[PDB]
*Asks:* 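Okay, handing you the structure first.
We number each residue from 1, following the sequence as shown.
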Amino acid sequence: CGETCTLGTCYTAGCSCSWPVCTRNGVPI
């Protein structure tokens, strides 16, 4: 997702926070 989530939430579509990195399909893309 190329997105970090230091405050606990991801905003990129389909991405979820695995503090402190956003993941999609289980990977930080």
Side-chain angles (χ1 to χ4, degrees):
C1 304
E3 174 186 4
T4 59
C5 49
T6 53
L7 274 183
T9 300
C10 298
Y11 299 88
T12 294
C15 298
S16 300
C17 189
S18 296
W19 208 86
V21 303
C22 293
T23 63
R24 180 195 302 155
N25 295 309
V27 295
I29 59 178

*Asks:* What pairs of residues pass the side-chain hydrogen bond (donor to acceptor under 3.5 Å, both in side chains) test when at least one of them lies in residues 17-29, not counting sequence neighbours?
*Replies:*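 Pairs touching residues 17-29 that pass the test: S18-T23.
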
*Asks:* Shorter than 2.5 angstrom, is that how the SG atoms of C17 and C22 come out?
*Replies:*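 Not so, these two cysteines form no disulfide.
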
*Asks:* Suppose we screen for side-chain hydrogen bond (donor to acceptor under 3.5 Å, both in side chains). Which residues come up paired with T12, at least two apart in sequence or across chains?
*Replies:*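 So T12 forms a side-chain hydrogen bond (donor to acceptor under 3.5 Å, both in side chains) with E3.
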
